[PDB]
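Student: I'd like to ask you about the structure that follows.
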Amino acid sequence: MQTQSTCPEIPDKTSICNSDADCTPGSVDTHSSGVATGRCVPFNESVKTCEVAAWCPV
């Protein structure tokens, strides 16, 4: 078995993350089924995502 971990959501050409003032924790992506953290960070170079709690690698 496994457990839910924390990590920055995968960046998408259609799904982007906004500043902290525009990003809130909880759950915004019903498809992600994860737990939003609220803190946003530049996942890639020309892309940025928000922190969320989901099934990540180890």
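Within each chain, counting starts at residue 1; across the structure tokens, chains are named A, B, ... in the order shown, with ligands numbered 1 upward in that order.
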Just want the 10 Å neighbourhood of residue A:29, counted on only C-alpha atoms, with same-chain residues fewer than 4 positions away dropped. Output as a PDB file with C-alpha atoms, in the first residue's frame.
Tutor:
ATOM      1  CA  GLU A   9       0.950  19.830  -9.040  1.00  0.00           C
ATOM      2  CA  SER A  15      -3.605  24.458 -16.154  1.00  0.00           C
ATOM      3  CA  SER A  33      -8.640  14.806  -5.590  1.00  0.00           C
ATOM      4  CA  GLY A  34      -5.717  16.215  -3.630  1.00  0.00           C
ATOM      5  CA  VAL A  35      -5.279  18.786  -0.871  1.00  0.00           C
ATOM      6  CA  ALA A  36      -4.286  22.243  -2.105  1.00  0.00           C
ATOM      7  CA  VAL A  52      -0.966  20.165  -3.439  1.00  0.00           C
TER       8      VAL A  52
END
Student: So that I can check the surroundings of stretch 18-25 of chain A, please list as a list in words every protein, DNA and RNA residue that reaches within 12 Å of it, counting only C-alpha atoms and ignoring chain neighbours fewer than 3 positions away.
Tutor: residues 11, 15, 28, 29, 34, 35, 36, 37, 38, 39, 40, 41, 42, 43, 47, 48, 49, 50, 51, 52 and 53 of chain A
Student: From the options A:26, A:55, A:44, A:31, which residue's atoms come nearest to residue A:12, counting only C-alpha atoms?
Tutor: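 Using only C-alpha atoms, the shortest distance to residue A:12 belongs to A:44.
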Student: Mind the document's chain letters and residue numbers, and return as an mmCIF file with N, CA and C atoms, in the first residue's frame the residues of chain A that DSSP labels strand (DSSP E or B).
Tutor:
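Saved file selection_23.cif follows:
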data_model
loop_
_atom_site.group_PDB
_atom_site.id
_atom_site.type_symbol
_atom_site.label_atom_id
_atom_site.label_comp_id
_atom_site.auth_asym_id
_atom_site.auth_seq_id
_atom_site.Cartn_x
_atom_site.Cartn_y
_atom_site.Cartn_z
ATOM 1 N N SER A 5 1.115 12.024 -0.345
ATOM 2 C CA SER A 5 2.251 12.885 -0.037
ATOM 3 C C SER A 5 2.024 14.296 -0.572
ATOM 4 N N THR A 6 2.924 15.209 -0.220
ATOM 5 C CA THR A 6 2.823 16.593 -0.663
ATOM 6 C C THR A 6 3.806 16.882 -1.792
ATOM 7 N N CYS A 7 3.368 17.678 -2.762
ATOM 8 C CA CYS A 7 4.208 18.033 -3.898
ATOM 9 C C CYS A 7 3.482 18.995 -4.834
ATOM 10 N N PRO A 8 4.257 19.751 -5.625
ATOM 11 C CA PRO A 8 3.709 20.720 -6.578
ATOM 12 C C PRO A 8 3.002 20.047 -7.749
ATOM 13 N N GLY A 26 -6.874 23.648 0.326
ATOM 14 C CA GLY A 26 -8.141 22.940 0.334
ATOM 15 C C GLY A 26 -8.284 21.992 -0.839
ATOM 16 N N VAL A 35 -5.082 17.717 -1.842
ATOM 17 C CA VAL A 35 -5.279 18.786 -0.871
ATOM 18 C C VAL A 35 -4.401 19.990 -1.193
ATOM 19 N N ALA A 36 -5.012 21.030 -1.751
ATOM 20 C CA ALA A 36 -4.286 22.243 -2.105
ATOM 21 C C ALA A 36 -3.556 22.819 -0.896
ATOM 22 N N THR A 37 -2.343 23.313 -1.123
ATOM 23 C CA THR A 37 -1.541 23.891 -0.052
ATOM 24 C C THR A 37 -1.667 25.409 -0.028
ATOM 25 N N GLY A 38 -1.846 26.002 -1.204
ATOM 26 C CA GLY A 38 -1.980 27.445 -1.295
ATOM 27 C C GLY A 38 -0.716 28.113 -1.800
ATOM 28 N N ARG A 39 0.433 27.570 -1.414
ATOM 29 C CA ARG A 39 1.717 28.122 -1.830
ATOM 30 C C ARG A 39 2.012 27.774 -3.286
ATOM 31 N N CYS A 40 2.260 28.799 -4.095
ATOM 32 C CA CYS A 40 2.555 28.603 -5.509
ATOM 33 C C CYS A 40 4.053 28.713 -5.773
ATOM 34 N N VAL A 41 4.542 27.924 -6.724
ATOM 35 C CA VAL A 41 5.957 27.932 -7.073
ATOM 36 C C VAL A 41 6.160 27.605 -8.548
ATOM 37 N N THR A 49 3.234 26.127 -11.049
ATOM 38 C CA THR A 49 2.134 25.364 -10.474
ATOM 39 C C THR A 49 1.979 25.657 -8.986
ATOM 40 N N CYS A 50 0.942 25.090 -8.381
ATOM 41 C CA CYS A 50 0.681 25.290 -6.961
ATOM 42 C C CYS A 50 0.912 24.000 -6.178
ATOM 43 N N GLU A 51 1.260 24.142 -4.903
ATOM 44 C CA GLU A 51 1.511 22.990 -4.046
ATOM 45 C C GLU A 51 0.205 22.286 -3.686
ATOM 46 N N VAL A 52 0.216 20.958 -3.758
ATOM 47 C CA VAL A 52 -0.966 20.165 -3.439
ATOM 48 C C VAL A 52 -0.578 18.813 -2.853
ATOM 49 N N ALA A 53 -1.519 18.185 -2.154
ATOM 50 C CA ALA A 53 -1.277 16.884 -1.544
ATOM 51 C C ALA A 53 -1.908 15.766 -2.367
ATOM 52 N N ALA A 54 -1.065 14.933 -2.969
ATOM 53 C CA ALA A 54 -1.542 13.822 -3.784
ATOM 54 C C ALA A 54 -0.535 12.676 -3.791
#
